[PDB]
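In: missing the sequence, but the structure's below:
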């Protein structure tokens, strides 16, 4: 039973509060992730701390306290941190791929599809993808966010089953643990309410990320990074911290994604592909396409109908309108010859369509 | 509370079993219908017996017993019977309009709309329409039917509330009244079943017509023509014979009619007409039309969507695609100048659309 | 879905503030009303401004400023205004009938019934009734009322669905629009309260009329006469001004009207008429009348009891006690022969009775 | 949704009735299997026809007609056939492993486990295992079987989802297609009954194999090898021939396997391992082993009890009793050091145990 787990590591976890990255905790977490990877599961890591790596690499220069200095340090520390992650993961014979993402890319229809394809290829080829925010075009308000929302966005993009947010605190407490000896860690949360938001006073960003993840049907867990064996216990199902149950199901999230926007086009599907879609629930091939109407780009939601005209399904197009028009009715092997490139053998994947 | 009532009169009721029409029974029924018309209700009459009128007018010639002779007699008796109906109805100051229909016209999308428009105009101008079967292009297999199915089709076309089938028998009996003194008249029927079909052995055609009418949400009543004041009692709701309750609602029948066939085209609607359709359920005017896609004729079901592309409603077009394209964005008063004709001020009527 | 609308036009709307009637605005309003009438609805018009018509017709004579001069001017302006209204309405092929009413006529039981019958006949024969206050016998305080209360009385009499009061202002305002830029238009009002009365300081008469109409279950709308297409929008349901939702229901108003006073008499009703009244809710016919007890006039609320003497319903008599006694147990076609006149074929109408 | 498929190819399919192997059909089937393998599924091949390869390699010598000659030919044809299979599969970059099994090996408890482990390793390393009957120690009656029962045994061993039996006939027929034009293909079979056995008269071996597979919870399909794209259609779900639905479920088959014989021993399990086994359904580790009672070999079903002695589960031991006693309470990484060999890091796998 392979599962996809997304692990988010804040700068506090990576550095331990110091000016430099502390590699003992990182190597322990890498050991746990390597054990999980060897178990047959899929791991995605969202990291931070490029500024610390940039400071360490440049010999700790005395730059003015300005956003320009932070951008410079991030630019150097991105490469430095990816190098460190690769060195640490090579001990257990695991390759690491770098991915730089921003929220605007996730909002875009086509760039979302491209990022999903890249991540899926990385995961299928047994490579752990390391995801970070592109600090070249980021803003200060994004910088103070510490990739909390980006973690939830990546969890949605990867189709993960659990999202783990490592934090200095042990999780969410009913009251202040310092003042109140009776204050205790909340174990299960089934709905993020205003009372919980009032209780948590940057725990707010983590709460927002957990809400976003749970709304899409992904379980969110907040725990302490220093807790030994936290990743293995999390993935086994043992309780180690505050747990946010998924309010929805992945099918509901897919329905919302497909029906969130009006269709941008329509295609006509022959009898055989109609039977394949309705009875077997299979994907759609360019051979079955008979006519494409409207103008749309790759990733836009389109309408699928048979020869008569009855709507049968809505799906996400993998090619733009011109490409679909040029490759309609041809075998999947001629797509590269016709277009000079290809995005796969299917025009609409079975998991990106809703039938009715 | 005006209601639409459809009365069907077989040749047995009209002639009383004789070779010629018996005008006393007909004038009594006309008196009842005239009382109902003066009460403010709308009456539609489906009649037969053109052959008897043709025989009487031609001096009862000794024609050979052939279908050609029957067509001859029907051709003459159509005019003779319409003349008789007009003479009888003129006594109470009511005009009569003739309409000849066939099931093929009902099946056709456009001819159905044209017939509905003609009937609606006749009913709105306080004129009783008399409906018969066009025997010039008819076959013997429906000549034996005696307008039983045509009565149900006319009831559906007129949007009637009740359908009354006058016949020789008092209605439907549990057993044979002659053999069984315990056999009694069935008063209410809620679902037409195989047991009821086996009970009645041409009552079968009447049962089929009643089933068709009930499936569309129209109450069907079977009574005896010789019963005094039958039409008035049926109008008031008093029990006079076998009653078949409507299994469906008119809204359900409209939904079935709209979604029975896939849309044949799509039109684009501005925001004002979108608000009119959604908030108030108003009809669609040619002014609000922005774009017309596809090819279709008058009466075809089309798809309506706003500027973004989200589907808002499905409706039945009143103009063909070319006419809609030519009159899009114009005021309703310019339709006649643009096209040389018009079908009304609206492009899609509110009662011919289903918001979604 | 035919609806009845009552439109009240003040002198300010008619004259535009000048000394003479501005016929462009009037012809625009008449065009809107004619479109509604052609659509199948029913329109009732309450109008003022006879003084301006009288001044214009008499060549603007130099009269002393006294109520005698106002009455003198109105005595001619009534005819001039009715002539103007019929001239404007004849453009769209609509006839106009004149109705001169006072509040005292509304108070009387029999005069109310006579006025209601006349108005119902006018409406049923597609004739727009123009209603104005009889200034021959009116007082100065009645003149200063500007037919505001008379408009509500006419709306109650006609059983209209909506009442529209055209005025100079755009509607009711939370604060003074001139002084306070934040002042906005109160779109909906569900209950007229002390605060609303304090806010608006002849707006008070309009509020009183709106309250009277709402307590009778008739929606009241206050809008601006200069607003283009205000009448069509009001009929459709668009928000064009302050809307006063009906506090009660028409059934509540009917119950209040019937049970306002104790019955002035009682009649004996046969068992068949009792069955029709109870089971079918039918009206009462002179044939079913068995005995007439007490003395009363036409329009008075009477008590209806069966043969056993049990009270079955309370209704309004369409005849006097003597006439009902004379025509009791006779057919409806002989009422004219017996009495020399006929008030209708029924003794008590179903809508004028309360079964209990 | 990766699936495991077992394909059985008779000598008739391989040779087409000739004396030599016809490599065109074989390469077509290899192409289909390679497409399925690239799709991510797992393929297991059971093949025959080594005699033809031996005859071809030896230049078709004139051997006497005896079973000795058949064994002589098979001893070379085995190597020749494996070489041919690997040559054909190397075109699509797929490696091939040889597997020589007999029924007696399946009967033995430990040999069954060894074969299962070898096959699982082959499948997990993306290597297609080719399975054939060891003719060195086989008998003539086994030779007549044509690997029909061996195919079912291999399907059970591999835990395949579907078993495909390719033959010359299109499937199972109600009557003789030649004699009766009305004879048609029996698409679905839910229970193998004596009537079906009477219908089919070496088809009977195929029915026996299908029954054995179905009783183990594996779907069996009989189709024609010459049918184009038969393997892809079988994997998709299209009906290409007679289908034998699984009568039992995999859980039922596992229970039957575990409880077929009484346990040969018992071990004592710590409380943490008990909690993992019961709450989480985890496998049993050598660390949690507290005591080993009785003597048994690897693969025997043994009894699992907690410290209290209560029976918690029944499972299959991956080691012998002596090895388990030696490595009891030791970490998994030291098993190889203690024993000089390792059968895996777990004592009893979760899928090989039945909690109770």
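Out: Received, thanks. Numbers count the residues shown, from 1 in each chain, chains lettered A, B, ... in the order given.

In: host element of the residue nearest in space to the middle of chain A?
Out: Centrality entry for chain A: nearest residue to the mean C-alpha point is residue A:154, 1.7 Å, by Cα atoms, centre = their mean. Here residue A:154 sits within helix A:148-158, counting by DSSP states H and E.

In: contacts for the very next helix or strand once past that helix?
Out: Per DSSP H and E, the first helix or strand lying C-terminal to helix A:148-158 is strand A:162-167. Contacts to strand A:162-167, defined as Cβ atoms under 8 Å, 6 or more residues apart in numbering or on different chains, come from residues A:3-10, A:12-13, A:29, A:148, A:151-152, A:155, A:206, A:209-210, A:213, A:218-225, A:230-231, A:234-235. C-betas here are computed from N, CA, C, even on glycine.

In: which of those fall within strands?
Out: A:4-9, A:219-224 (DSSP state E).

In: which one of those is nearest to chain D?
Out: Looking at those and their distance to chain D, the nearest is residue A:4, at 15.5 Å (Cβ to the nearest Cβ).

In: contacting residues around that closest one?
Out: A:41-44, A:123, A:158-162.

In: farthest-separated two in those?
Out: Greatest spatial distance in those: A:123 and A:162, 15.0 Å, computed using Cβ to Cβ.

In: surely residue A:281 touches residue A:350?
Out: Yes: counting by Cβ atoms under 8 Å, residue A:281 touches residue A:350, with 6.3 Å between them.

In: most remote residue from chain A's center?
Out: residue A:308 (39.5 Å).

In: now do the contacts for that residue.
Out: Applying Cβ under 8 Å, 6+ apart, the residues contacting residue A:308 are residue B:262.

In: which element, helix or strand, includes it?
Out: Using DSSP H and E, no helix or strand contains residue A:308.

In: the residue nearest to residue A:309 when sequence neighbours are not counted: neighbour count?
Out: If the residues on either side of it in the chain are set aside, residue A:309 comes closest to residue B:262, at 3.6 Å by Cβ to Cβ, 6 or more residues apart in numbering or on different chains. Residues lying near residue B:262 (other Cβ atoms under 10 Å in any protein chain shown) number 15.

In: I'd assumed residue B:262 was in a helix, is it?
Out: No: applying DSSP: H, G, I helix; E, B strand; the rest coil, one finds residue B:262 to be coil, outside a helix.

In: contacting residues for it?
Out: So residue B:262 contacts A:305, A:308-311, B:301 (Cβ under 8 Å, 6+ apart).

In: so which bits of the helix holding residue A:154 are buried?
Out: Using 16 or more other Cβ atoms under 10 Å in any protein chain shown as the test for burial, helix A:148-158 gives A:148-158.

In: distance to residue B:22 added to these, as JSON lines?
Out: Output for the buried residues of helix A:148-158, formatted as JSON lines (distance: Cβ to Cβ, whole Å):
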{"residue": "A:148", "distance to residue B:22": "91"}
{"residue": "A:149", "distance to residue B:22": "88"}
{"residue": "A:150", "distance to residue B:22": "90"}
{"residue": "A:151", "distance to residue B:22": "90"}
{"residue": "A:152", "distance to residue B:22": "85"}
{"residue": "A:153", "distance to residue B:22": "85"}
{"residue": "A:154", "distance to residue B:22": "88"}
{"residue": "A:155", "distance to residue B:22": "85"}
{"residue": "A:156", "distance to residue B:22": "81"}
{"residue": "A:157", "distance to residue B:22": "84"}
{"residue": "A:158", "distance to residue B:22": "85"}
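
In: give me the nearest residue to the closest residue to chain D within chain A, chain neighbours excluded.
Out: Nearest residue of chain A to chain D (Cβ to the nearest Cβ) works out as residue A:280 at 5.4 Å. The shortest distance from residue A:280 to any non-neighbouring residue, by Cβ to Cβ, 6+ apart, is to residue D:237 (5.4 Å).

In: and the buried ones among the contacts of residue A:4, selectable in PyMOL?
Out: Remark: buried members of the contacts of residue A:4, expressed as a PyMOL selection using 16+ other Cβ under 10 Å:
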select buried, chain A and resi 41+42+43+44+123+158+159+160+161+162
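
In: now do the closest residue to chain B within the stretch 151-300 of chain A against residue A:351, distance only.
Out: Relative to chain B, the nearest point of the stretch 151-300 of chain A is residue A:262 (3.5 Å; Cβ to the nearest Cβ). Residue A:262 sits 21 Å away from residue A:351, going by Cβ to Cβ, to the nearest Å.

In: got it, and residue A:153?
Out: 19 Å.

In: before we move on, back to that, between the contacts of residue A:4, which is nearest chain C?
Out: Looking across these and measuring by Cβ to the nearest Cβ, the closest to chain C is residue A:159, at 46.9 Å.

In: pretty sure that closest one is touching residue A:250, no?
Out: Yes: taking contacts as Cβ under 8 Å, residue A:159 lies within contact range of residue A:250: 7.4 Å.

In: phi and psi next, for residue A:243.
Out: phi -120, psi 130 (degrees, to the nearest 10).

In: and it, what does it touch?
Out: A:187-189, A:219-221.

In: could I get these as CSV with neighbour count and distance to chain C?
Out: Below are these laid out as CSV (neighbours: other Cβ atoms under 10 Å in any protein chain shown; distance: Cβ to the nearest Cβ, whole Å):
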residue, neighbour count, distance to chain C
A:187, 12, 48
A:188, 9, 45
A:189, 19, 41
A:219, 18, 46
A:220, 27, 44
A:221, 23, 49
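
In: want to try CSV for the residues you listed, with distance to residue A:168 as columns?
Out: Converted to CSV, these look like this (distance: Cβ to Cβ, whole Å):
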residue, distance to residue A:168
A:187, 19
A:188, 21
A:189, 19
A:219, 22
A:220, 17
A:221, 15
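
In: next, count neighbours for the nearest residue to residue A:233 once chain neighbours are set aside.
Out: Among residues not flanking residue A:233 along the chain, residue A:240 sits closest, at 5.0 Å (Cβ to Cβ, 6+ apart). Using other Cβ under 10 Å, residue A:240 has 22 neighbouring residues.
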